[PDB]
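An overview of the molecular structure
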Amino acid sequence: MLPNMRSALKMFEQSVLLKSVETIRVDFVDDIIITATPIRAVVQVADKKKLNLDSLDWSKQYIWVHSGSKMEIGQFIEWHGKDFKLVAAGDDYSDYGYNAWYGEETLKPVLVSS
Amino acid sequence: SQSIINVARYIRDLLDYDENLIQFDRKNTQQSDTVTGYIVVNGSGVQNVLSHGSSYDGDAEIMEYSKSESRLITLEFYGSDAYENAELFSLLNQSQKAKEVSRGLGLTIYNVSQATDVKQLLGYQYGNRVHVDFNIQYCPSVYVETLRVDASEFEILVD
């Protein structure tokens, strides 16, 4: 019997939107439909969000979510005001009943429907 | 020896600028209060020699070993008024005031060659820092008590 952290994930839940992009192109012109779903999750900070140095300073908040629902990389997660690309340090205890990912705020505005 | 301190003197009273606000170089000195525009005479550039003179004096009889050389000393201006203290220096360097105050500083002064606003990574912040370049040429000397020759006795021979 595979251990299932699922029940150990409900208490800490939070509502959040999980979107994915399925890019569409004709004659090499970019359009992006969206797929958004209300999914369960839990959020903690992932890399303490610092200020990098460049020609202009920039900063991207990091969150790392858990959920009972599967989360592929090429998906975004919005919880407060800015979606996070599910890019890094993710791991799928799918057979153990959940999965986790870090998150990168896409400083672009949130993909509502396009 | 004294050359860097001399160019520090020259920049001290060309800009009419403070003692305690000119620190030398890659020594140990804290740059507190970033806005306090400092000036540092970076001497890290290699000084290369040009000639090694040797003069000799007759009556008060000693001699004089000299060594002309030059070094690309750079100037780093800090502080909120770095830019000005760069430009206003980079432009008064060749005026009356400079060329008239560097009287006894045994140190020529060449034109400012180039400038740069390369700042310093002050830990998630950027503090104003500007470098200006100019070759400086001087010649240290030392005096040694040798002694002259008053005559020369000698003998010859022939077949």
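Here the structure is shown first, and the text comes after it.
Residues numbered from 1 in each chain as written, not as in the entry; some residues may be left out. Chains lettered and ligands numbered in written order. Part of a larger assembly, values for the part shown. Heavy atoms only, no water.

Residues and elements named next belong to chain B. Taking strand neighbours across the sheet as the criterion, the three strands line up as β4-β5-β11 in an open arrangement whose pairing is antiparallel. Only two strands of the sheet have a single neighbouring strand rather than two, namely β4 (54–56) and β11 (141–144). Ignoring which end each strand starts from, the neighbouring axes of this sheet average 20 degrees apart. In this sheet, β11 lies alongside strand β5 (residues 63–66) in antiparallel orientation, the contact comprising four bridges. Bridge assignment links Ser66 to a residue of β11, and that residue is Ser141. (Pairing = 2+ DSSP bridges. Helix = DSSP H or I, 4+ residues; strand = E, 2+ residues; numbered from the N terminus. Axes fitted to C-alpha atoms, helices over the stretch in contact; angles between N-to-C directions.)

Residues and elements named next belong to chain A. For the structure shown, the criterion picks out five aromatic pairs over all chains. Where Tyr93 meets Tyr96, the ring centres are 6.0 Å apart and the plane angle is 75 degrees; that geometry is what we call edge-to-face. Classification of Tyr93 by relative accessible area gives partly exposed; the value is 35%. By the ring-pair criterion, three or more aromatic residues cluster together here, those being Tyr93, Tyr96 and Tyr98. Against the face of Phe28 rests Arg25, its NZ or CZ located 4.9 Å from the ring centre. (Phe/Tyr/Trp six-rings, centres within 6.5 Å; stacked < 30°, edge-to-face > 60°. Buried < 20%, exposed > 50% of the residue type's maximum accessible area, 1.4 Å probe, protein only. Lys NZ or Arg CZ within 6 Å of the ring centre and 35° of its normal.)

Time to look at unusual backbone geometry. Residue and element names in this part refer to chain A. The backbone phi angle of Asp27 is positive, close to 50 degrees, even though this residue is not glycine. Among the structural elements, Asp27 can be located in the loop between β1 (14–26) and β2 (29–45). Since its relative accessible area comes to 77%, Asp27 is described here as exposed.

In this section: the nonpolar core. Of all hydrophobic cores here, the largest spans 26 residues; its most connected members are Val7(B), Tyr10(B), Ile11(B), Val41(B), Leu75(B), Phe77(B) and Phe89(B). Mapped by element, the contributors of at least two residues to this core are α1 (3–12), β2 (39–42), β6 (68–78), α2 (82–92) and β10 (129–138) of chain B. Beyond its immediate sequence surroundings of up to four residues, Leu75(B) is in contact with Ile11(B), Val40(B), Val41(B), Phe89(B), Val130(B), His131(B), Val132(B) and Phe134(B). Grouped together as the second largest cluster of nonpolar side chains are eleven residues, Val16(A), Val43(A), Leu86(A) and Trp101(A) included. (Core = buried A, V, L, I, M, F, W, Y, C linked by side-chain atoms within 4.5 Å. Contact = heavy atoms within 4.5 Å.)

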